[PDB]
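If you're matching them up, the sequences are chains B and A in order. Reminder that position 97 of the first sequence reads as 97 in the entry's author numbering, one-by-one numbering, no gaps. Reminder that position 74 of the second sequence reads as 74 in the entry's author numbering, one-by-one numbering, no gaps. Where is the CB? At the ideal position from N, CA and C, for every residue including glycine.
Number of protein chains: 2
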Amino acid sequence: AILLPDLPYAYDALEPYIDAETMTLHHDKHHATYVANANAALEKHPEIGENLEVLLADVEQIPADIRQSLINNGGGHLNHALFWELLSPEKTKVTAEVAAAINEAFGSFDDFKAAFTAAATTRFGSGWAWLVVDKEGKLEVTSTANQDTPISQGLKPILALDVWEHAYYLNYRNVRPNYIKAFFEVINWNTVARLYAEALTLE
Amino acid sequence: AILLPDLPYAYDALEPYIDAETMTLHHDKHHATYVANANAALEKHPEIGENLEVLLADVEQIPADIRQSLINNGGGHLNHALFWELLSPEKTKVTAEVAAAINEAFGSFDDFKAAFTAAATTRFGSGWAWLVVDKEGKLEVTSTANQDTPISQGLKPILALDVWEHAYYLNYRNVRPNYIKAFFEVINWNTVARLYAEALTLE
Ligand SMILES: [Fe+3]
Ligand SMILES: [Fe+3]
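Below is the structure:
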């Protein structure tokens, strides 16, 4: 079965940037529901196994009667698992190779941060802003709807911000760009490095 | 210019079903923002005018370069303006003709309630649950994404529930069902009758 991973720090470790009550519901309620629903969907078709990253890379392989529910809850599970690991109570620095890849893709770091901030601002409704590695090994900023994940288009995400309202409403209310800025404070760039390394090597 | 209509009651009027603070952010920030954005798009084409209900009934007729912004913000404005009129601090009752059409399409009021509750609850991500008049004059429950509106498909809304998280997170957190059950205590059935009469009387 899919399991709910633990937060690898205390619920309040990201304060004042993300508030402990949000971390608690976001993980114990929202995330747990994605895992519970993904298990129920998968229980229905044991023959397909449970490797979500493989199943959701090509959604039409998933039998029709559970497809949208797996996209939604199976995607909710993967997006959130990735998200907890990209957050750090301790400040970190963009790694040399990650930084170099950025200048190359965007021209400078501030250009990236601005392209990223804007994909996150203008994602209308519920969804996620992403930094991804191309099938060409290049970086792109994108944004997806709801729990849709870029791995469904063969893109490898190395950074991700959740812009569903539940992620920021208790701390920032309507002011999503305040929450976006706060995110840059608590990114775990070591996770980003590892994801990006894993992106290139498995290619 | 599109104007932000005033709430037709005090902000704390829907208490304890909807909290004051939410009414306040929801109208003063969320709806104001759609109104502002809708106007910025419209001003780029003064020739197409300001009749949002006509423009959004055929989206395709809207110049490509403001079409998405119009759908989202224009849609945002209609749905919300409709939403404030549908809420009532006084418990009202279902008008006889409305009750009868609900009995006909659904079996009983409570059947309708469960069905509208199902659409409101399973809408994944941001959106709206609706009771609409068919092209054939029949009632149907549906839901839509984000700020999409059933008038875009030649359906006439007579009941609407915002299921965006900003509509309910302050008072109910992740438990959208408690929000939905509460919405039924504050429905203005007189706004529903009136919309229902209007839908039948333009065909
Ligand atoms: Fe989330
Ligand atoms: Fe709303």
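CB of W189 (chain B) within 7 angstroms of CB of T92 (chain B), strictly: yes
Within-7 angstroms CB hit, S143 (chain B) to chain A: no
Identified DSSP bridge partners for residue 206 (chain B): Lying outside 1 to 203, the shown extent of chain B, residue 206 (chain B) is not represented and no answer is given.
Same chain, Cβ closer than 7 angstroms to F116 (chain B), five either side skipped, listed in chain order: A129, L131 and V141
Distance, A118 (chain B) Cα to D110 (chain B) Cα: 12 angstroms
Selection of the segment 159-178 of chain A by Cβ proximity to chain B, strictly under 8 angstroms: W164, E165, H166, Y169, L170, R173 and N174
The alpha helix (DSSP H) enclosing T144 (chain B), as first and last residue numbers: It is not in any alpha helix (DSSP H) - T144 (chain B) instead sits in the beta strand (DSSP E) that spans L139 to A145.
Reference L161 (chain A), options A:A38, A:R176 and A:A193, closest by Cα: A:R176
Local Cβ density within 10 Å of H30 (chain A), reported as buried at 16 or more and exposed below that: buried
Per-residue burial, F112 (chain A) [other beta carbons within 10 Å of its own, 16 or more giving buried]: buried
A41 (chain A) versus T144 (chain B) - alpha carbon distance: 24 angstroms
Min CB distance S126 (chain B) to chain A below 7 angstroms: yes
Neighbouring residues, chain A, relative to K29 (chain B) (Cβ below 8 angstroms): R173 and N174
Cβ pair count under 8 angstroms reaching 3, the segment 18-38 of chain A against the segment 63-77 of chain A: yes
8 angstroms Cβ shell around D134 (chain A) - same chain, five flanking residues per side excluded: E140 and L155
Contacting positions in the segment 10-25 of chain B - beta carbon closer than 7 angstroms to chain A: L25
Contacts around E185 (chain A), its chain only, beta-carbon distance under 6 angstroms, and the 5 residues preceding and following it disregarded: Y17
Any C-beta of chain A under 7 angstroms from that of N37 (chain B): no
Endpoints, alpha helix (DSSP H) assigned at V192 (chain A): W189 to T201
heavy atom of ligand 2 below 6 angstroms from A38 (chain A) C-beta: no
Endpoints, alpha helix (DSSP H) assigned at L170 (chain A): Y169 to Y172
Helix, strand or coil at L70 (chain B) according to DSSP, with G and I counted as helix: helix
Strand pairing of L87 (chain A), partner residues [DSSP]: A:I187
Min CB distance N146 (chain B) to chain A below 7 angstroms: yes
Under 7 angstroms between C-beta atoms of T149 (chain A) and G75 (chain A): yes
Rounded C-alpha distance that separates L3 (chain B) from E53 (chain B): 14 angstroms
Under 9 angstroms from the C-beta of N72 (chain A): neighbouring residues of chain B: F124 and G125
Cβ-Cβ distance between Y179 (chain A) and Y168 (chain A) below 7 angstroms: yes
Cβ shell of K44 (chain B) (< 6 angstroms), same chain only, five flanking positions each side left out: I66
Beta-carbon gap between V59 (chain B) and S152 (chain B) smaller than 7 angstroms: yes
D28 (chain B) Cβ short of 6 angstroms to ligand 1 heavy atom set: no
As assigned by DSSP and simplified to three states, the class of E53 (chain B): helix
Boundaries of the alpha helix (DSSP H) in which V98 (chain B) is found, first to last residue: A96 to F106
Nearest neighbour of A105 (chain A), chosen from A:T95, A:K138 and A:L7 [CA to CA]: A:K138
Residue closest to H166 (chain B), alpha-carbon to alpha-carbon, out of B:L14, B:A13 and B:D19: B:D19
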